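Undergrad: Give me coordinates for this.
(8 chains, ligands or ions: 7)
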Amino acid sequence: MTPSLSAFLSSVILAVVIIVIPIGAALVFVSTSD
Amino acid sequence: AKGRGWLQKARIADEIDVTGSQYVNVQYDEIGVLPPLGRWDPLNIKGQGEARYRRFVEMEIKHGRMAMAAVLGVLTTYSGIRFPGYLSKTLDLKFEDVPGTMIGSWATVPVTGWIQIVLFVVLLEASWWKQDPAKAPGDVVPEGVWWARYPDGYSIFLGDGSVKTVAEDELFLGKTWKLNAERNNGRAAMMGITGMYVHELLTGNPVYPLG
Amino acid sequence: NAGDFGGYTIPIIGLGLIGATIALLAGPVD
Amino acid sequence: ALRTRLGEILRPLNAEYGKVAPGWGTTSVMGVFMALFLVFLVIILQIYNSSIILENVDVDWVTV
Amino acid sequence: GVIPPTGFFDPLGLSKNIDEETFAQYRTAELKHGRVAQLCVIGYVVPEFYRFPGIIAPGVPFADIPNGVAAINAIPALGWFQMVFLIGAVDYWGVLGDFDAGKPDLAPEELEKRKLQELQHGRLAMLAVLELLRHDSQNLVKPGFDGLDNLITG
Amino acid sequence: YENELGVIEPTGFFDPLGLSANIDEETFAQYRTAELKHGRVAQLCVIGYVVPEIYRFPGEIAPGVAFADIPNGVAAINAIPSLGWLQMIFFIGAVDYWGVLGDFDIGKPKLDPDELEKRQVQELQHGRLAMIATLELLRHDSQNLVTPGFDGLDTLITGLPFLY
Amino acid sequence: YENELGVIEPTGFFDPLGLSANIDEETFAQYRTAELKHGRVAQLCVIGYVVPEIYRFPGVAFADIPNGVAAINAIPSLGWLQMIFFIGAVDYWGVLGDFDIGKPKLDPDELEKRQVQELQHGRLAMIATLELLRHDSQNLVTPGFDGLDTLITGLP
Amino acid sequence: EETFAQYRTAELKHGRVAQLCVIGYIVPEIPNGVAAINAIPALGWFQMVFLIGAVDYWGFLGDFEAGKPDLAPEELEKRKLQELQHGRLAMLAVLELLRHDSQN
Ligand code: CLA
Ligand code: CLA
Ligand code: CLA
Ligand code: CLA
Ligand SMILES: CC(=O)O[C@H]1CC(C)(C)C(=C=C/C(C)=C/C=C/C(C)=C/C=C/C=C(C)/C=C/C=C(\C)C(=O)C[C@@]23O[C@]2(C)C[C@@H](O)CC3(C)C)[C@](C)(O)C1
Ligand code: KC1
Ligand code: KC1
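TA: Numbering: from 1, shown residues only, chains lettered A, B, ... in the order given. Ligands and ions are numbered 1, 2, ... in the order given. This is the structure:
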């Protein structure tokens, strides 16, 4: 596992963890609330 | 009963029309009777008798089955694929020294070895795998023996764990497709194994002109 | 090079098979 | 309409117009394969771009 | 087993005093003796031109075995133990001699006909065997007792 | 006992030797408890054959031998002192009989009853497969200890060449 | 078949595989006959391994015959066959050779205490002859495989 | 009740193993003690402990009618009270032998 490969894997994990999942959870919450 | 009800919840629902209504289902009835020729019976074996016709169905199935094994047998053996070790340690017969040629493999293999192959077929034909008259033609494997069976409505599994039931008329997965594909590959290998025999008789190459 | 992969055998058999199937399916149904 | 020998043969292949799986069907599995395809396409792009440098993979003209 | 050339052949009084229940036991004894003898006649002429490829015992190939009764001592006894016991499983249990395909669906009239030459073919084969191991045994002990020195006279 | 847990698609009810036809309930419950625990141990045994090839513990089991010197496989057994092995047996034996470090309220999720039986069959199926795996691991390892490179596969974990 | 002779306290009705499950009364009598006859040979096989050492017999020398599996090759194969069929005379037809006709005592309560004692001495002998045949055959192919004599008892 | 039965069974069992250890410690002098358990390979202990466990849990080779005579109830509890008293006597004895092997 080269540093560039590890950086790519961290980028994918990071994008899912702090972009896709929080926006989806916020959308679900405001859609059920409103 | 226990540990089987998860299939019903994982089973995908029945297909419907796009509008929402139930789907309306809206020549080739026998295995071996398929699109290109239909019922190709030039000698009218079906007219000879029901007992005579059932004999010919089992006869085509059996002849076609050994031909598929025979064709695959030569193709791997003539390529040079060999089992590791000795075919006959008493005769100092390694597998590598047995010729890939059909006549060469038929002659080099010891007659005591050929007897063991024949006696296994005799044991299967006479006691173990007998055709039951009540059973379908070619259905000679008894119950209890582990065999790949494809009954009507058998389960297949998707990526999420969902379960689909496969009818007999399903493409590539139904019983009638696999039954038809066995007969046809058997018919093609029946001509194939005889052609490989005569081509090797004339030229020494079973797959002439390939190679 | 002209005898490689069976020579002209597969193209001749293949073209004859296609022509025979077209002629077989050319007739009317009934 | 004309009935031909090949048309009768190919008839069951065109006999399921409008047939659907009810509801969402297998869309969840399809989204997973789309997401895996998107990650795979980014990988081979970044390998070509040399944004991902592998261990024994050198993006340059090779011999033999 | 009554055949037109002869009648109820019984010169030594071996069928009158003895009962008919055990007379069936001699019938199996007669049929099995002929069946062994019939297979011994063909089994005596076949090893002349053809032999099995490998060996039967370590150091004992099939080729260098005398065809006659000297083959009994050539093959080791433990080899004979395996052969005799496997035969006896078929002889007693009917392990490999009970398949229904060997019992053809025959009508009555030709059945009791076919059983008649079955014991008759074995009958001459009992006497034919009795000559086969005779001339073999005489020539095995002392060479060239009879005028001919061939196991098969033809 | 055809209508019990463990019946799965490729074989169905698998009992060719008839070891469950004439048995009672309590021996079947003992059989399934044996099957569940044999599978659970064999599942951890497969994991325990791969993890020491990557990471080892930093301390010492005994002052004589450290973790890194211990050879992976059946050669581990004689390397570590026998007093240490006897202490492990009774430690995990206390959890085996009493459950001193098991039977916790957390870690036992309540689910859908049909989902729970599905996961229980999955637990049995993984355990049944790992039981078959532990036989191949032990056969390859022990025979390679008697004759080094007996089968010609040398390495302990043959199917995972990226570890070596 | 739990209520039958042979049930003894350590094993009880020993049948793990269930070979006696769902078989007719004719097969079990056949199983019992095979149980008994296999046992009876094994007791005589144990005797026939120690007593041919001290005592010999009067075209092969009886004293030169090596006791064990090496005796099979020493005795001629033809000479072995009439012994095999002689045992078959007393086996199938029951033409008693060890006795003249056979004079067995019958005591009602002792019958249970003899027949059960007959098969289990044979059962132990059957367990014993496996070791006796193993040690002889493994040492014949490899002299000194476990580095032991032919008979573990030291009175020879 | 339920807990007391476990304590009751453990009191008897602990008293037993102490007794066989004491007689099992004098036959060797006629690979000595705690030095022996390390000398024997752990594969040997794997076979022996599970053999004891088969007797301990299933009663494989340790539950037979020859070891349980009919006797009579008057001296049964007298002998069973004697089972504990000898069991305790061997129990307090045992610790001094293990503490003797270079311990406190
Ligand atoms: C749990 C009880 C116990 C303990 C802690 C010990 C202690 C020890 N014994 Mg030991 N032994 C015992 C029971 C015990 N003895 C009894 C009751 C006897 C008298 C027969 C012996 C006779 C004995 C021998 C002959 C040897 C030892 C050896 C040893 C040492 C090696 C470790 C070991 O346990 O191997 C245990 C190995 C054994 C072979 C134990 C023998 C126990 C036998 C098989 C009887 C037990 C089975 C059963 C309870 C009997 C009743 C069944 C039925 C007939 C009613 C160790 C210091 C070995 C050592 O090398 O010496 C230092 C050794 O060779 N002891
Ligand atoms: C310790 C192992 C063990 C035990 C006690 C069980 C117990 C059980 N299994 Mg099972 N299983 C196992 C391991 C085990 N399993 C393995 C490894 C596989 C994969 C092949 C399976 C595959 C399987 C299926 C697919 C099913 C069962 C089922 C059952 C139940 C009924 C069958 C029975 O009577 O078992 C009794 C078991 C024994 C008496 C122990 C086995 C003793 C034999 C003689 C061992 C044979 C030797 C072995 C092959 C090792 C060879 C070593 C080599 C060096 C030669 C019962 C709860 C059924 C079910 O779960 O309930 C409805 C069922 O459908 N098993
Ligand atoms: C003191 C320690 C201890 C205690 C109190 C228990 C508690 C229990 N266990 Mg565990 N267990 C232990 C140690 C212990 N276990 C260890 C170290 C492991 C491995 C991590 C296990 C894994 C385990 C399994 C897989 C099973 C149990 C079962 C049982 C129960 C039956 C009693 C028994 O063990 O049968 C005594 C043992 C036997 C009768 C069989 C012993 C022989 C086998 C083959 C093991 C021998 C392997 C051998 C040493 C290796 C060499 C082989 C050859 C070369 C000789 C009981 C509740 C069984 C169960 O719950 O229901 C049946 C069960 O199937 N336990
Ligand atoms: C030829 C051997 C033979 C035969 C025919 C029998 C048959 C019988 N036994 Mg019996 N037995 C034997 C050997 C045999 N046993 C041996 C050696 C022992 C001592 C361990 C016993 C101890 C015993 C007890 C304690 C009981 C029986 C019982 C029975 C009866 C019912 C059980 C059954 O169906 O078994 C059928 C068995 C067979 C058909 C033979 C199976 C042979 C297997 C496949 C061999 C497996 C390998 C074996 C371990 C050898 C390995 C060698 C290795 C080098 C390969 C039946 C009459 C019961 C009873 O007496 O009547 C109610 C009963 O309670 N037997
Ligand atoms: C005229 C008439 O009708 O009267 C008849 C009627 C009547 C009553 C029926 C008769 C009878 C029947 C008879 C004779 C019955 C006899 C019973 C008999 C003979 C029973 C033996 C036990 C064998 C065993 C268990 C051997 C185990 C052997 C064991 C434990 C071994 O380990 C084998 C061993 O090799 C090892 C592995 C190592 C060696 O170191 C030691 C040995 C060698 C030991 C009579 C008396 O004939 C009279
Ligand atoms: C150990 C293996 C073995 C057993 C267990 C066994 C059993 C029986 N044999 Mg067989 N037998 C051989 C071996 C065995 N036989 C061999 C190797 C050969 C070829 C040489 C052979 C040939 C004959 C002939 C010609 C006859 C014969 C019979 C019987 C029958 C009566 C018992 C007897 O007479 O010994 C019982 C079931 C006769 C018969 O049925 O008459 C009533 C009969 O006439 N056998
Ligand atoms: C609280 C009481 C207590 C004492 C007084 C004590 C003492 C020793 N233990 Mg320890 N022990 C635990 C507790 C105690 N231990 C616990 C709770 C566990 C489970 C986590 C445990 C596990 C292991 C393992 C795996 C090994 C082990 C060892 C030693 C050995 C080290 C010095 C020596 O080598 O003598 C001395 C005597 C090693 C061994 O026995 O090697 C021969 C060895 O491998 N222990």
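Undergrad: Buried residues, stretch H:82-91. List them.
TA: Applying a neighbour-count criterion of 16 or more other Cβ atoms under 10 Å in any protein chain shown, one finds H:83, H:87, H:90, H:91 buried in stretch H:82-91. C-beta: built from backbone N, CA, C; applies to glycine.
Undergrad: The lengthiest helix in chain H packs against which elements?
TA: Longest helix in chain H by number of residues (criterion: DSSP state H): helix H:73-100. Helix H:73-100 sits against helix H:2-26, with contacts defined as 3 or more Cβ pairs under 8 Å, 6 or more residues apart in numbering or on different chains; DSSP states H and E.
Undergrad: For residue H:44, which non-adjacent residue is spatially closest?
TA: Leaving aside its sequence neighbours, residue H:44 sits nearest to residue F:82 (Cβ to Cβ, 6 or more residues apart in numbering or on different chains; 7.7 Å).
Undergrad: next one: residue B:90
TA: Residue B:90's closest residue in space is residue E:54 (Cβ to Cβ, 6+ apart), at 4.8 Å.
Undergrad: Quick check: phi and psi on the one you found?
TA: phi -80, psi -140 (degrees, to the nearest 10).
Undergrad: mind listing what it touches?
TA: B:88, B:90, B:91, B:110, B:112, E:61, E:62 (Cβ atoms under 8 Å, 6 or more residues apart in numbering or on different chains).
Undergrad: Looking at those, which are in helices?
TA: Among those, the ones falling in helices (DSSP H) are residue B:112.
Undergrad: Now do the helices in chain C.
TA: Shown for chain C, the helices assigned by DSSP H span residues C:9-24.
Undergrad: for chain B, that is, sorry about that
TA: B:6-10, B:50-79, B:102-108, B:111-123, B:175-203.
Undergrad: Which strands and helices lie in contact with the third one?
TA: By that I understand helix B:102-108. helix B:50-79, helix B:175-203.
Undergrad: Against residue B:15, how distant is whichever residue of chain B sits closest to chain A?
TA: Relative to chain A, the nearest point of chain B is residue B:160 (18.6 Å; Cβ to the nearest Cβ). According to Cβ to Cβ, to the nearest Å, residue B:160 stands 18 Å off from residue B:15.
Undergrad: closest point of chain E to chain D, which residue?
TA: residue E:101 (42.4 Å).
Undergrad: now swap in chain A and tell me
TA: At 4.8 Å from chain D, residue A:4 is the closest residue in chain A, using Cβ to the nearest Cβ.
Undergrad: on that earlier part again, tell me which of the helices and strands packed on helix B:102-108 sits nearest to residue B:20.
TA: helix B:175-203 (30.7 Å; Cβ to Cβ).
Undergrad: Can you give me the neighbour number for the nearest residue to residue B:61 once chain neighbours are set aside?
TA: Spatial nearest neighbour of residue B:61, excluding adjacent residues (Cβ to Cβ, 6+ apart): residue B:138 at 3.9 Å. By the criterion of other Cβ atoms under 10 Å in any protein chain shown, residue B:138 has 19 neighbours.
Undergrad: Which stretches in chain A count as strands?
TA: Assigned by DSSP state E, chain A shows no strands.
Undergrad: Tell me how far stretch H:73-88 lies from the chain's centre.
TA: The chain centre lies 16 Å from the centre of stretch H:73-88; the measure is Cα atoms, centre = their mean, to the nearest Å.
Undergrad: How about that stretch and ligand 1, touching?
TA: No. Residues of stretch H:73-88 contacting ligand 1 under Cβ under 6 Å from any ligand atom: none, with a closest distance of 13.9 Å.
Undergrad: quick one: residue B:179 and residue B:34 touch, right?
TA: No. Assessed by Cβ atoms under 8 Å, residue B:179 is found out of contact with residue B:34, at 10.4 Å.
Undergrad: what touches both of the two?
TA: Common neighbours of residue B:179 and residue B:34 (Cβ under 8 Å, 6+ apart) do not exist.
Undergrad: so what's residue B:40 up against?
TA: So residue B:40 contacts nothing (Cβ under 8 Å, 6+ apart).
Undergrad: repeat for the one 3 residues further on
TA: When contacts are counted by Cβ under 8 Å, 6+ apart, residue B:43 touches no other residue.
Undergrad: C-alpha coordinates for stretch B:71-78, CSV please?
TA: Output of stretch B:71-78 as CSV, limited to C-alpha atoms (Å, rounded to 0.1, in the frame of the first residue of the first chain):
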residue,chain,number,x,y,z
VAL,B,71,-14.9,-35.3,-26.8
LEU,B,72,-13.8,-33.5,-23.6
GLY,B,73,-11.5,-36.5,-22.9
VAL,B,74,-9.6,-36.2,-26.1
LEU,B,75,-9.4,-32.4,-26.1
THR,B,76,-7.7,-32.2,-22.8
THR,B,77,-5.5,-35.3,-23.4
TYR,B,78,-4.4,-34.3,-26.9
